[PDB]
Amino acid sequence: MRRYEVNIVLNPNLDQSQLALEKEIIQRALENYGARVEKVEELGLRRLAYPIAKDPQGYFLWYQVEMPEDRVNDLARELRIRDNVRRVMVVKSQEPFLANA
Amino acid sequence: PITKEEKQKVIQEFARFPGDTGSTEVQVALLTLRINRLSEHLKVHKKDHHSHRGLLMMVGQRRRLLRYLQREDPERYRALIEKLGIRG
Amino acid sequence: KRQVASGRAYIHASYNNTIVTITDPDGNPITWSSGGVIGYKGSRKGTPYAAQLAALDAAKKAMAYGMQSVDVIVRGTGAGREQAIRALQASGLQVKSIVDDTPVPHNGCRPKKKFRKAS
Amino acid sequence: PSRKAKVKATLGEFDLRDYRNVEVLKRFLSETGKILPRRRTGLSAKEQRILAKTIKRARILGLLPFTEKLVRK
RNA sequence: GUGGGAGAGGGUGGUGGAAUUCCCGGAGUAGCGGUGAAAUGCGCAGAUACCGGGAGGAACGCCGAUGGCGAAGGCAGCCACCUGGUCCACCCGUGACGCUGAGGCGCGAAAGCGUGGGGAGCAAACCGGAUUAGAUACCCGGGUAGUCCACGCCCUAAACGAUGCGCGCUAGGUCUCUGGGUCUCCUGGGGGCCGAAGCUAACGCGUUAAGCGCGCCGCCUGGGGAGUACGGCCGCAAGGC
Ligand SMILES: [K+]
Ligand SMILES: [K+]
Ligand SMILES: [K+]
Ligand SMILES: [K+]
Ligand SMILES: [K+]
Ligand SMILES: [Mg+2]
Ligand SMILES: [Mg+2]
Ligand SMILES: [Mg+2]
Ligand SMILES: [Mg+2]
Ligand SMILES: [Mg+2]
Ligand SMILES: [Mg+2]
Ligand SMILES: [Mg+2]
Ligand SMILES: [Mg+2]
Ligand SMILES: [Mg+2]
Ligand SMILES: [Mg+2]
Ligand SMILES: [Mg+2]
Ligand SMILES: [Mg+2]
Ligand SMILES: [Mg+2]
Ligand SMILES: [Mg+2]
Ligand SMILES: [Mg+2]
Ligand SMILES: [Mg+2]
Ligand SMILES: [Mg+2]
Ligand SMILES: [Mg+2]
Ligand SMILES: [Mg+2]
Ligand SMILES: [Mg+2]
Ligand SMILES: [Mg+2]
Ligand SMILES: [Mg+2]
Ligand SMILES: [Mg+2]
Ligand SMILES: [Mg+2]
Ligand SMILES: [Mg+2]
Ligand SMILES: [Mg+2]
Ligand SMILES: [Mg+2]
Ligand SMILES: [Mg+2]
Ligand SMILES: [Mg+2]
Ligand SMILES: [Mg+2]
Ligand SMILES: [Mg+2]
Ligand SMILES: [Mg+2]
Ligand SMILES: [Mg+2]
Ligand SMILES: [Mg+2]
Ligand SMILES: [Mg+2]
Ligand SMILES: [Mg+2]
Ligand SMILES: [Mg+2]
Ligand SMILES: [Mg+2]
Ligand SMILES: [Mg+2]
Ligand SMILES: [Mg+2]
Ligand SMILES: [Mg+2]
Ligand SMILES: [Mg+2]
Ligand SMILES: [Mg+2]
Ligand SMILES: [Mg+2]
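Residue numbers (the working numbering), protein chains in the order written: chain C, -17 to 83; chain S, 1062 to 1149; chain W, 385 to 503; chain L, 368 to 440.
Below is the structure:
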């Protein structure tokens, strides 16, 4: 049971119904792997620095979670199956390192 | 890994007395726990040699501590071997 | 016969030859030139003067399509790159910007023995 | 000698391990998408070593570029 | 033991972009390429240069360093999991449990061997072009094994700090990595430079000793013959000890 952070970049061209279905599948897969959610930050569509999937923008999602480590990798694969989901990055949570303090 | 609760479990299990954290029995028990964990790690990932060296070092240390216990008090030596199930 | 009136200019400058390709803003070429298009045949193509001739010839070929303003793009470290730059800079064509887009790899492929002692 | 300005001194309080904050990490990239050296950032060894991995994370996420094109050459 | 720390330490899976090659399309014309100069080569079956899309393999630019990690070989995109080593603070526990180490056992860059796979770039052999008095070379155009992966062999090296391991003692200055602290600085571990005493044939070494000591292992006894012969052991072979 460690604390992780999930970054999900998906298609910015989705309407509200398809986006709701994508997020429903995300929540369902998180429940299926026992990932308690501590907080969420939905930043919406943003301008990428380079085109991803031939699209110059991307819709961002961020989830600070806590889950068993042994299936973390096994969870990430499940999130990459959806064609609308084009970027998935899971990172172990770390305390912030402040500079110029 | 090896969380602190399991470490305290084995320490309080093999403690000669409350407060003892460094007697020979405790050290050999901790080395045995780490050795079994590393052997289970090395059944898979059998191409990992840098950790196999650490396994060799831990085995040597446990053998030397058991030899010291054999020399000083063979009764606690037999008791430790019987409780842990070592030497085959 | 397209009457482009505005496009891009790619300059591929190498130690053996300098070659200019004048394209439209979408990248599709219109005309082009090089040291071999001019009478120069051998090593004289990797010359700054040959690069100037190639740039001016491509520019005059682009004048036939009635083009005025260009966007210059430089690729490759070769003799005569800046000379072709200065040739296109004052050639009747208006140079709007100069951009170096030399393709540098991230240590992907092993170079030839000529370019070894690196990666 | 890079006497123009130091990026750390030209900035305030910020998190070095935050890979999502773009408007701060953009200041640490050069005119190209390259990571600035120590002489430009004015950071220390540990700070630079953390900044490298965080910038790479932001690059993989698509927030920071891998490389850019030089202008006005 | 407790609490913390840094790291390209190792193994497994996944994943990212730049570039090379190839394919598809668009656009487009007479050469590209290459060299001291050239020619082979490729190009009217439309190349080179340009734009877009796709496939595949291999290596990870900036960060990056005089840096870090490992016992050595060696380790460099990113993420996750498994895992080794190590350092510091507290002075908590055991109570000499220590050092070295003939054999044994394991690891061991590259090249090479076996089976299967993969094969973009590079490239022994080889096919050519040049150069040359000749050119079985350097230079140029191609190109197979190989480089890559899995499993199993092979045990070599300028395997180098040409300096075995451990401990104690013996001026400092400066740079740096990484902890701790009363954080001008002090203290501890690691990487550099200059240097006290001292050592050395000299060069140079000098708290990271090649100084002063102690313990243990390895090895040397003129050069060629020769790391050859014989014998043995190991190896599928090449061959190694
Ligand atoms: K010809
Ligand atoms: K080094
Ligand atoms: K083959
Ligand atoms: K030797
Ligand atoms: K400090
Ligand atoms: Mg997908
Ligand atoms: Mg030429
Ligand atoms: Mg690592
Ligand atoms: Mg075509
Ligand atoms: Mg060719
Ligand atoms: Mg060819
Ligand atoms: Mg022909
Ligand atoms: Mg024809
Ligand atoms: Mg091509
Ligand atoms: Mg393309
Ligand atoms: Mg293929
Ligand atoms: Mg570098
Ligand atoms: Mg070290
Ligand atoms: Mg080395
Ligand atoms: Mg005490
Ligand atoms: Mg006592
Ligand atoms: Mg030893
Ligand atoms: Mg031995
Ligand atoms: Mg080997
Ligand atoms: Mg090999
Ligand atoms: Mg093979
Ligand atoms: Mg094969
Ligand atoms: Mg080749
Ligand atoms: Mg060749
Ligand atoms: Mg030849
Ligand atoms: Mg001669
Ligand atoms: Mg002749
Ligand atoms: Mg073969
Ligand atoms: Mg050396
Ligand atoms: Mg040595
Ligand atoms: Mg030494
Ligand atoms: Mg020191
Ligand atoms: Mg000195
Ligand atoms: Mg003296
Ligand atoms: Mg002297
Ligand atoms: Mg010493
Ligand atoms: Mg003799
Ligand atoms: Mg000899
Ligand atoms: Mg002899
Ligand atoms: Mg030999
Ligand atoms: Mg024999
Ligand atoms: Mg035999
Ligand atoms: Mg032979
Ligand atoms: Mg021999």
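Every residue, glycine too, gets a C-beta built ideally from N, C-alpha and C.
is_contact[residue i, chain L] using C-beta, thresh 8 Å
i                      : result
residue 484 of chain W : yes
residue 59 of chain C  : no
residue 458 of chain W : yes
residue 475 of chain W : no
residue 43 of chain C  : no
residue 150 of chain C : The structure shown does not extend to residue 150 of chain C, since chain C spans only -17 to 83, so no value can be given for it.
residue 27 of chain C  : no
Whole-Å CB distance - residue i paired with residue j, under 8 Å assumed
i                      : j                      : result
residue 4 of chain C   : residue 59 of chain C  : So it is not a contact: roughly 16 Å between Cβ atoms.
residue 375 of chain L : residue 82 of chain C  : 5 Å
residue 471 of chain W : residue 440 of chain W : 5 Å
residue -8 of chain C  : residue 67 of chain C  : 5 Å
residue 409 of chain L : residue 371 of chain L : Actually they do not touch by this definition, with Cβ atoms about 11 Å apart.
residue 369 of chain L : residue 406 of chain L : 4 Å
Other residues of its chain near residue i: CB distance less than 6 Å, five sequence neighbours each side excluded
i                      : result
residue 525 of chain W : As shown, chain W starts at 385 and ends at 503. That puts residue 525 of chain W outside it, with no answer to give.
residue 400 of chain L : 432, 433, 434, 435
residue 21 of chain C  : 46
residue 403 of chain L : 395, 397
residue 62 of chain C  : 70
Sequence-distant residues of its chain with Cβ nearer than 8 Å to residue i (five each side left out)
i                       : result
residue 57 of chain C   : 11, 12, 15, 17, 49, 72
residue 1070 of chain S : none
residue 451 of chain W  : 388, 389, 390, 391, 406, 414, 477
Test item: CB-CB of residue i and residue j under 8 Å
i                       : j                       : result
residue 428 of chain L  : residue 484 of chain W  : no
residue 455 of chain W  : residue 417 of chain W  : no
residue 486 of chain W  : residue 435 of chain W  : no
residue 474 of chain W  : residue 404 of chain W  : no
residue 25 of chain C   : residue 382 of chain L  : no
residue 37 of chain C   : residue -6 of chain C   : yes
residue 1116 of chain S : residue 1096 of chain S : yes
residue 392 of chain L  : residue 419 of chain L  : no
residue 429 of chain W  : residue 423 of chain W  : no
residue 35 of chain C   : residue 430 of chain L  : no
residue 28 of chain C   : residue 42 of chain C   : yes
residue 1145 of chain S : residue 1137 of chain S : no
residue 465 of chain W  : residue 397 of chain W  : yes
residue 1112 of chain S : residue 1094 of chain S : no
residue 1086 of chain S : residue 1078 of chain S : no
Own chain residues within Cβ distance below 7 Å of residue i, not counting five before or after
i                       : result
residue 1092 of chain S : 1119, 1122, 1123
residue 75 of chain C   : -15, -14, -13, 46
Any C-beta of chain C under 8 Å from that of residue i
i                      : result
residue 375 of chain L : yes
residue 432 of chain L : yes
residue 398 of chain L : no
Residue-chain proximity (residue i, chain W), Cβ-Cβ < 8 Å
i                      : result
residue 439 of chain L : yes
Beta-carbon neighbours of residue i, restricted to chain L and to distances below 9 Å
i                     : result
residue 78 of chain C : 382, 383, 384, 385
Within chain W, the residues that residue i reaches when beta carbons sit closer than 9 Å
i                      : result
residue 436 of chain L : 457, 483, 484, 485
Chain-ordered chain C contacts of residue i [CB-CB under 8 Å]
i                      : result
residue 417 of chain L : 79
Beta-carbon neighbours of residue i, restricted to chain L and to distances below 7 Å
i                     : result
residue 83 of chain C : 380
residue 31 of chain C : 429, 430, 431, 432
residue 34 of chain C : 429
Chain C residues whose Cβ lies nearer than 7 Å to that of residue i
i                      : result
residue 427 of chain L : 71
residue 414 of chain L : 81
Interface partners of residue i on chain L, CB under 8 Å
i                     : result
residue 40 of chain C : 429
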